[PDB]
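Enquirer: Compute the structure for the input listed below.
(8 chains, ligands or ions: 183)
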Amino acid sequence: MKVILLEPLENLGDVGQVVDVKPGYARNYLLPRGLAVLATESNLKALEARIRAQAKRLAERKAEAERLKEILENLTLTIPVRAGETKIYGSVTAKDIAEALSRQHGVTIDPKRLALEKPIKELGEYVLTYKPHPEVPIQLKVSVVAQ
Amino acid sequence: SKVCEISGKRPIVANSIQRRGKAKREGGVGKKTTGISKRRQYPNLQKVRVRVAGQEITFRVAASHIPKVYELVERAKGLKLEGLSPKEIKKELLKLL
RNA sequence: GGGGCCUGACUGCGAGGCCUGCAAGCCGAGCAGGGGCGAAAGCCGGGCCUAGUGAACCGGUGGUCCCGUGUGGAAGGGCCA
RNA sequence: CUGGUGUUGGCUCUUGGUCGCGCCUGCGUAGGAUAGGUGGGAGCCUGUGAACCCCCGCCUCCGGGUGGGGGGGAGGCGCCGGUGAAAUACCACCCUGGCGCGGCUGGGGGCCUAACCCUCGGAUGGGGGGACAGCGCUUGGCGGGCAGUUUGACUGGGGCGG
RNA sequence: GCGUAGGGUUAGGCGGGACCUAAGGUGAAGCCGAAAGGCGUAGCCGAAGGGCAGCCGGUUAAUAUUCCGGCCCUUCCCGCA
RNA sequence: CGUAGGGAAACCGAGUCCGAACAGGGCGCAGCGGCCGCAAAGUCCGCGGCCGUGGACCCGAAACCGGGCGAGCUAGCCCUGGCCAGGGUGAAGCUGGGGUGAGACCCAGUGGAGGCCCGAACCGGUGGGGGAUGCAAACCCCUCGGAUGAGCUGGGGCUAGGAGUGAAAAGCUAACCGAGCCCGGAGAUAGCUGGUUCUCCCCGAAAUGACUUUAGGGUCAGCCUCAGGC
RNA sequence: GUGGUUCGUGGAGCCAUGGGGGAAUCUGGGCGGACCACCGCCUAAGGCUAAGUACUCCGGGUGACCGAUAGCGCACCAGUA
RNA sequence: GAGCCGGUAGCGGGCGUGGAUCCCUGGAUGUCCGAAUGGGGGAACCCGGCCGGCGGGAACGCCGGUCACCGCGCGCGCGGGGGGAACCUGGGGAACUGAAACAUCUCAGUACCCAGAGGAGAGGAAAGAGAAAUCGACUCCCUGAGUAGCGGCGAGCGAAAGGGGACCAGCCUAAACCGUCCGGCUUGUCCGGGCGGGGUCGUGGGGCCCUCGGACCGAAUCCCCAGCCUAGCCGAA
Ligand SMILES: [Mg+2]
Ligand SMILES: [Mg+2]
Ligand SMILES: [Mg+2]
Ligand SMILES: [Mg+2]
Ligand SMILES: [Mg+2]
Ligand SMILES: [Mg+2]
Ligand SMILES: [Mg+2]
Ligand SMILES: [Mg+2]
Ligand SMILES: [Mg+2]
Ligand SMILES: [Mg+2]
Ligand SMILES: [Mg+2]
Ligand SMILES: [Mg+2]
Ligand SMILES: [Mg+2]
Ligand SMILES: [Mg+2]
Ligand SMILES: [Mg+2]
Ligand SMILES: [Mg+2]
Ligand SMILES: [Mg+2]
Ligand SMILES: [Mg+2]
Ligand SMILES: [Mg+2]
Ligand SMILES: [Mg+2]
Ligand SMILES: [Mg+2]
Ligand SMILES: [Mg+2]
Ligand SMILES: [Mg+2]
Ligand SMILES: [Mg+2]
Ligand SMILES: [Mg+2]
Ligand SMILES: [Mg+2]
Ligand SMILES: [Mg+2]
Ligand SMILES: [Mg+2]
Ligand SMILES: [Mg+2]
Ligand SMILES: [Mg+2]
Ligand SMILES: [Mg+2]
Ligand SMILES: [Mg+2]
Ligand SMILES: [Mg+2]
Ligand SMILES: [Mg+2]
Ligand SMILES: [Mg+2]
Ligand SMILES: [Mg+2]
Ligand SMILES: [Mg+2]
Ligand SMILES: [Mg+2]
Ligand SMILES: [Mg+2]
Ligand SMILES: [Mg+2]
Ligand SMILES: [Mg+2]
Ligand SMILES: [Mg+2]
Ligand SMILES: [Mg+2]
Ligand SMILES: [Mg+2]
Ligand SMILES: [Mg+2]
Ligand SMILES: [Mg+2]
Ligand SMILES: [Mg+2]
Ligand SMILES: [Mg+2]
Ligand SMILES: [Mg+2]
Ligand SMILES: [Mg+2]
Ligand SMILES: [Mg+2]
Ligand SMILES: [Mg+2]
Ligand SMILES: [Mg+2]
Ligand SMILES: [Mg+2]
Ligand SMILES: [Mg+2]
Ligand SMILES: [Mg+2]
Ligand SMILES: [Mg+2]
Ligand SMILES: [Mg+2]
Ligand SMILES: [Mg+2]
Ligand SMILES: [Mg+2]
Ligand SMILES: [Mg+2]
Ligand SMILES: [Mg+2]
Ligand SMILES: [Mg+2]
Ligand SMILES: [Mg+2]
Ligand SMILES: [Mg+2]
Ligand SMILES: [Mg+2]
Ligand SMILES: [Mg+2]
Ligand SMILES: [Mg+2]
Ligand SMILES: [Mg+2]
Ligand SMILES: [Mg+2]
Ligand SMILES: [Mg+2]
Ligand SMILES: [Mg+2]
Ligand SMILES: [Mg+2]
Ligand SMILES: [Mg+2]
Ligand SMILES: [Mg+2]
Ligand SMILES: [Mg+2]
Ligand SMILES: [Mg+2]
Ligand SMILES: [Mg+2]
Ligand SMILES: [Mg+2]
Ligand SMILES: [Mg+2]
Ligand SMILES: [Mg+2]
Ligand SMILES: [Mg+2]
Ligand SMILES: [Mg+2]
Ligand SMILES: [Mg+2]
Ligand SMILES: [Mg+2]
Ligand SMILES: [Mg+2]
Ligand SMILES: [Mg+2]
Ligand SMILES: [Mg+2]
Ligand SMILES: [Mg+2]
Ligand SMILES: [Mg+2]
Ligand SMILES: [Mg+2]
Ligand SMILES: [Mg+2]
Ligand SMILES: [Mg+2]
Ligand SMILES: [Mg+2]
Ligand SMILES: [Mg+2]
Ligand SMILES: [Mg+2]
Ligand SMILES: [Mg+2]
Ligand SMILES: [Mg+2]
Ligand SMILES: [Mg+2]
Ligand SMILES: [Mg+2]
Ligand SMILES: [Mg+2]
Ligand SMILES: [Mg+2]
Ligand SMILES: [Mg+2]
Ligand SMILES: [Mg+2]
Ligand SMILES: [Mg+2]
Ligand SMILES: [Mg+2]
Ligand SMILES: [Mg+2]
Ligand SMILES: [Mg+2]
Ligand SMILES: [Mg+2]
Ligand SMILES: [Mg+2]
Ligand SMILES: [Mg+2]
Ligand SMILES: [Mg+2]
Ligand SMILES: [Mg+2]
Ligand SMILES: [Mg+2]
Ligand SMILES: [Mg+2]
Ligand SMILES: [Mg+2]
Ligand SMILES: [Mg+2]
Ligand SMILES: [Mg+2]
Ligand SMILES: [Mg+2]
Ligand SMILES: [Mg+2]
Ligand SMILES: [Mg+2]
Ligand SMILES: [Mg+2]
Ligand SMILES: [Mg+2]
Ligand SMILES: [Mg+2]
Ligand SMILES: [Mg+2]
Ligand SMILES: [Mg+2]
Ligand SMILES: [Mg+2]
Ligand SMILES: [Mg+2]
Ligand SMILES: [Mg+2]
Ligand SMILES: [Mg+2]
Ligand SMILES: [Mg+2]
Ligand SMILES: [Mg+2]
Ligand SMILES: [Mg+2]
Ligand SMILES: [Mg+2]
Ligand SMILES: [Mg+2]
Ligand SMILES: [Mg+2]
Ligand SMILES: [Mg+2]
Ligand SMILES: [Mg+2]
Ligand SMILES: [Mg+2]
Ligand SMILES: [Mg+2]
Ligand SMILES: [Mg+2]
Ligand SMILES: [Mg+2]
Ligand SMILES: [Mg+2]
Ligand SMILES: [Mg+2]
Ligand SMILES: [Mg+2]
Ligand SMILES: [Mg+2]
Ligand SMILES: [Mg+2]
Ligand SMILES: [Mg+2]
Ligand SMILES: [Mg+2]
Ligand SMILES: [Mg+2]
Ligand SMILES: [Mg+2]
Ligand SMILES: [Mg+2]
Ligand SMILES: [Mg+2]
Ligand SMILES: [Mg+2]
Ligand SMILES: [Mg+2]
Ligand SMILES: [Mg+2]
Ligand SMILES: [Mg+2]
Ligand SMILES: [Mg+2]
Ligand SMILES: [Mg+2]
Ligand SMILES: [Mg+2]
Ligand SMILES: [Mg+2]
Ligand SMILES: [Mg+2]
Ligand SMILES: [Mg+2]
Ligand SMILES: [Mg+2]
Ligand SMILES: [Mg+2]
Ligand SMILES: [Mg+2]
Ligand SMILES: [Mg+2]
Ligand SMILES: [Mg+2]
Ligand SMILES: [Mg+2]
Ligand SMILES: [Mg+2]
Ligand SMILES: [Mg+2]
Ligand SMILES: [Mg+2]
Ligand SMILES: [Mg+2]
Ligand SMILES: [Mg+2]
Ligand SMILES: [Mg+2]
Ligand SMILES: [Mg+2]
Ligand SMILES: [Mg+2]
Ligand SMILES: [Mg+2]
Ligand SMILES: [Mg+2]
Ligand SMILES: [Mg+2]
Ligand SMILES: [Mg+2]
Ligand SMILES: [Mg+2]
Ligand SMILES: [Mg+2]
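Expert: Numbers count the residues shown, from 1 in each chain, chains lettered A, B, ... in the order given. Ligands and ions are numbered 1, 2, ... in the order given. See below for the structure:
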């Protein structure tokens, strides 16, 4: 029998995959224990469908991000701070970075997503990964300068 | 030895025929009937315990339409069925046939 | 009884008859086809004779090429042995 | 009573057949040497490092083959002709048989569990049996347990005999 | 002890019920069978078993532990303590 | 239905089939007077005899089958109650004495066991006589068996027809049980027996042969009869 | 493996189905007597549907039907004694 | 339209033109049993719950109403249960007998049992028939025909097409597609179940998509009527 799986089963089939097994195994084991479903027509479309949405949203974000990147990638985040020479007095944080991109360039963001373990303390020209969507990183150059 | 609850099958009556000798096609005189006696042929009925609406439903259905039971089940999802009792969920399914 | 060449221990029929409850069983001249023995006339349709047998139904084998279930074939049959 | 199949599922071992691949293997006069067949076919080889030396398995018709590993590290076999019915470097497609992975099945062993069956003051569950048993279609057998019948005529009465 | 007509059987306590269970019968649940129907814990039905409060005498042509008489008793409803 | 038949058939056709045949054979093929009338193959309805199919001339089985009715008789079991006068023998156990190392065991009293004994009711039915269109479709009298047991018994129940029960006789299952009774299939079948109704008139048999699971029944021939023809 | 049809396994199709395996949507599928092809007919696996047809407890008409052993078992107080 | 209080006279009393008895249609009443159904039950008997009334009425008793089970449908409503002489269809289904024994075979899917239906029941609008290059639902009768065929090819069984008649009639759904209400979790372009639309055929048809064109048929359900039935009346000499 062709069936639809609800939980991946070792050396058998991946979740959502469609396999063909002995009817005894399918109806006295896999269907009872909510472990799979008849590869019918009725609840066969419902599988053909959720793949679309789950493929639609992911495909949506992986584009609502690429849409972002292009926004960045073609600009620079300048941060004025008080400091003498290359070492800063205070510090520039992601939450700081946020204010800027929010302040200038009218963009909103999540600092937690941004890659920056240690809060910046010296000036210079920095490129930092925001990581809004995995496999879809961003390179945002931030010019931290004083005065 | 009864009635399929899904196919309406039922014990029919068949004859038990006893034949002897060589057929013609085998280059023989021909077959000869030595004794005809009524038998009766049963549908291969079996049990089909299923749980529906948190309730166990079991059919005495023939082995042929077994895959129809689950169909009924699968088809019964779109029904107010909680709160009911066994005989109630059976009759509600059968109405789908 | 001996021997020579031979296959009539024929095919296709068969007038007329014995016998006879039916059905069977029996004798059979002669005509053609093709042959055999004979110089020829002629004989030869197994055996000097009278028993050595078994009706139909069903089926087997060879042959015929008659029917072939819309049509051409085949299945399966019928006729001959 | 019994084999096949439906109810009827899961995993592993050991054997059987198959297709899929890595592969390898084939022994007459003759002829370098151990020729599987029909080809394609007069060039193929080496830093995907050569003739030749040694170390392990592999088959060994006792002659070799192949895989290899190190040294060296740049040579070797083709057509040419020897030769036989068929002849060689090389590149495919098929066989011989045999080996390992994968297939898909058939048997046997072992163990599960969830169908099925029995059980449990409690039961969407626990526990034992366990895909056997029970049951359905079917094969073949045993089968006076029951059922329908047959068990001849002539005959100095019938039967025995004939 | 026959034909016609008339009269005669009086119970809160005797027997049976509105009380109970037996074999068996039926039979929510549940199981089974071509139909008819066949099973089946509980429950219900089921007696000459269990349980329950009347003894004596008189009376009538015909009934009485039934009416009468005397002396006892049971259960239920209401009310008081 | 008839007008065309022959052949297994294609198919031919007054011919056709077996066959090489123009051969031989099988089954087949053709009105009366003077156009008329008359007759006829054939066909149609009537009437009559006979035959086939149905109960088929009438009555009769022993039996087979189907669906129902019966355990108020009788057989076994289940539930609940009842009955067994009186007398006789006198087991184990107990008490005591004797007995021994303790015992086993022996005797006397108590005691009251048993498909124990004699004998009524109750249940039975051994032998004899009576009875025999009986008092009685199993009875009467005399004798007899058991009679605290595997006993008898009232009441309520269950088991049935190829089935029930059966201390077993194939006994019983509503007075006949080798498969109950009723009703139906049904008018079963009957090659057997019986029974077959008015009159007169003419003829007038057979009881043989052959075959026949045939021998007391049937098919053909034989012998009888009727109509027409020669 | 059976049943129906004239079809008793027969060459055995067609209609129906108890068991097993198990599709397709007009370029589909069943059929025309095993099977193959050509040619044709039809369009299953849901259902409904008047009249013409059958019977006679009932009422009526009518008989070369009976006339109290006949005619229904009952002409009458009969499914009665 | 003049007698009546049944067959039934009598005793004893009434009624009727102020139209009786009698006949026909509707209505009321209609104890108890019976499918029997409140519960039981050895049918016509026995014992209860609820609401309301009577009696002096609380116990007791009578009166009226209501209370069994099943199916279907959102405790309450519509339906079922049983009977009927045969006739009808479905589920089952013998035997004697015939074959001059008998088993296949026949008797026969008849008799019988069971469920169901109805004034009729079944069948019925071709996935048909079968050789006409044709027929056109089904049912019944004739005929085809004891033909074709079936058969221990024994006894026996026994069609269909076509033709002539009676009657005459054809329809609704399922699926694709549009919409809508509900519920499931695994959140939609989803799946599932209701309802509505649409659609129903074989020269194949239908849906969706464009394009062109925009009244006559008519019920088997409903209504009115004639006609008919269930009592009757006039009727020549
Ligand atoms: Mg069989
Ligand atoms: Mg043959
Ligand atoms: Mg045969
Ligand atoms: Mg199951
Ligand atoms: Mg299957
Ligand atoms: Mg369906
Ligand atoms: Mg000589
Ligand atoms: Mg000689
Ligand atoms: Mg010569
Ligand atoms: Mg002659
Ligand atoms: Mg002769
Ligand atoms: Mg002879
Ligand atoms: Mg000659
Ligand atoms: Mg000559
Ligand atoms: Mg010569
Ligand atoms: Mg001659
Ligand atoms: Mg001789
Ligand atoms: Mg001689
Ligand atoms: Mg002989
Ligand atoms: Mg014979
Ligand atoms: Mg010829
Ligand atoms: Mg043909
Ligand atoms: Mg020919
Ligand atoms: Mg051809
Ligand atoms: Mg050929
Ligand atoms: Mg042939
Ligand atoms: Mg032949
Ligand atoms: Mg198996
Ligand atoms: Mg184990
Ligand atoms: Mg098994
Ligand atoms: Mg079972
Ligand atoms: Mg068998
Ligand atoms: Mg015996
Ligand atoms: Mg035997
Ligand atoms: Mg017997
Ligand atoms: Mg016997
Ligand atoms: Mg017989
Ligand atoms: Mg004899
Ligand atoms: Mg003789
Ligand atoms: Mg003698
Ligand atoms: Mg004598
Ligand atoms: Mg004699
Ligand atoms: Mg003699
Ligand atoms: Mg003898
Ligand atoms: Mg007296
Ligand atoms: Mg008197
Ligand atoms: Mg007098
Ligand atoms: Mg008096
Ligand atoms: Mg008193
Ligand atoms: Mg009392
Ligand atoms: Mg009371
Ligand atoms: Mg009680
Ligand atoms: Mg019962
Ligand atoms: Mg009980
Ligand atoms: Mg009570
Ligand atoms: Mg009592
Ligand atoms: Mg008492
Ligand atoms: Mg008392
Ligand atoms: Mg008392
Ligand atoms: Mg007292
Ligand atoms: Mg008195
Ligand atoms: Mg107080
Ligand atoms: Mg001739
Ligand atoms: Mg002639
Ligand atoms: Mg004339
Ligand atoms: Mg005539
Ligand atoms: Mg005759
Ligand atoms: Mg008859
Ligand atoms: Mg007669
Ligand atoms: Mg008689
Ligand atoms: Mg008789
Ligand atoms: Mg018998
Ligand atoms: Mg018998
Ligand atoms: Mg008794
Ligand atoms: Mg008794
Ligand atoms: Mg006894
Ligand atoms: Mg007792
Ligand atoms: Mg007692
Ligand atoms: Mg005594
Ligand atoms: Mg005593
Ligand atoms: Mg004592
Ligand atoms: Mg002592
Ligand atoms: Mg004593
Ligand atoms: Mg005694
Ligand atoms: Mg004694
Ligand atoms: Mg006795
Ligand atoms: Mg005596
Ligand atoms: Mg005796
Ligand atoms: Mg005596
Ligand atoms: Mg005496
Ligand atoms: Mg005597
Ligand atoms: Mg005597
Ligand atoms: Mg008598
Ligand atoms: Mg006597
Ligand atoms: Mg006496
Ligand atoms: Mg005595
Ligand atoms: Mg005595
Ligand atoms: Mg005794
Ligand atoms: Mg005694
Ligand atoms: Mg006792
Ligand atoms: Mg008793
Ligand atoms: Mg008793
Ligand atoms: Mg009794
Ligand atoms: Mg019984
Ligand atoms: Mg009997
Ligand atoms: Mg009987
Ligand atoms: Mg019976
Ligand atoms: Mg017995
Ligand atoms: Mg009797
Ligand atoms: Mg008797
Ligand atoms: Mg008998
Ligand atoms: Mg008797
Ligand atoms: Mg009857
Ligand atoms: Mg008969
Ligand atoms: Mg007989
Ligand atoms: Mg006379
Ligand atoms: Mg004679
Ligand atoms: Mg003869
Ligand atoms: Mg013989
Ligand atoms: Mg004799
Ligand atoms: Mg004669
Ligand atoms: Mg004459
Ligand atoms: Mg048959
Ligand atoms: Mg055959
Ligand atoms: Mg057949
Ligand atoms: Mg046909
Ligand atoms: Mg099937
Ligand atoms: Mg097509
Ligand atoms: Mg196709
Ligand atoms: Mg078909
Ligand atoms: Mg087919
Ligand atoms: Mg076909
Ligand atoms: Mg066809
Ligand atoms: Mg054909
Ligand atoms: Mg075609
Ligand atoms: Mg057709
Ligand atoms: Mg269709
Ligand atoms: Mg219908
Ligand atoms: Mg109608
Ligand atoms: Mg009609
Ligand atoms: Mg009448
Ligand atoms: Mg008269
Ligand atoms: Mg008369
Ligand atoms: Mg009379
Ligand atoms: Mg009479
Ligand atoms: Mg008279
Ligand atoms: Mg009167
Ligand atoms: Mg008077
Ligand atoms: Mg009253
Ligand atoms: Mg009642
Ligand atoms: Mg009752
Ligand atoms: Mg009240
Ligand atoms: Mg009162
Ligand atoms: Mg009341
Ligand atoms: Mg009815
Ligand atoms: Mg039928
Ligand atoms: Mg039977
Ligand atoms: Mg018979
Ligand atoms: Mg008969
Ligand atoms: Mg006969
Ligand atoms: Mg007959
Ligand atoms: Mg017979
Ligand atoms: Mg006979
Ligand atoms: Mg016999
Ligand atoms: Mg028959
Ligand atoms: Mg029937
Ligand atoms: Mg009924
Ligand atoms: Mg009825
Ligand atoms: Mg009508
Ligand atoms: Mg109808
Ligand atoms: Mg249609
Ligand atoms: Mg004809
Ligand atoms: Mg005819
Ligand atoms: Mg024959
Ligand atoms: Mg027949
Ligand atoms: Mg017709
Ligand atoms: Mg016609
Ligand atoms: Mg008419
Ligand atoms: Mg028409
Ligand atoms: Mg919808
Ligand atoms: Mg189209
Ligand atoms: Mg309509
Ligand atoms: Mg008048």
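Enquirer: what about the strands in chain A?
Expert: A:2-5, A:18-20, A:36-38, A:77-81, A:83-84, A:87-92, A:120-122, A:124-129, A:139-146 (DSSP state E).
Enquirer: who does the fifth one pair up with?
Expert: I take that to be strand A:83-84. Here strand A:83-84 is paired, per DSSP bridges, with strand A:87-92 (antiparallel).
Enquirer: so how far is the partner strand from its chain's centroid?
Expert: Taking C-alpha atoms, centre = their mean, to the nearest Å, one finds the center of strand A:87-92 at 31 Å from the center of the full chain.
Enquirer: Just the buried positions in that strand, please.
Expert: Buried residues in strand A:87-92, defined by neighbour count with 16 or more other C-beta atoms under 10 Å in any protein chain shown: A:88, A:92. Every residue, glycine included, has its C-beta placed from N, CA and C.
Enquirer: quick one on the thing from earlier: same list (the strands of chain A) but as TSV, adding distance to RNA strand C.
Expert: What follows is those, written out as TSV (distance: least, C-beta to the nearest atom of the strand, whole Å):
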stretch	distance to RNA strand C
strand A:2-5	41
strand A:18-20	40
strand A:36-38	44
strand A:77-81	87
strand A:83-84	103
strand A:87-92	94
strand A:120-122	93
strand A:124-129	80
strand A:139-146	80
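Enquirer: Looking at the ones you listed, which one is packed in the most?
Expert: Burial of those is given as mean neighbour count (mean count of other C-beta atoms under 10 Å in any protein chain shown); strand A:36-38 ranks first at a mean of 22.
Enquirer: rewinding a little: tell me which of the strands of chain A sits nearest to ligand 124.
Expert: Closest approach to ligand 124 among the strands of chain A is made by strand A:18-20 (42.8 Å; C-beta to the ion).
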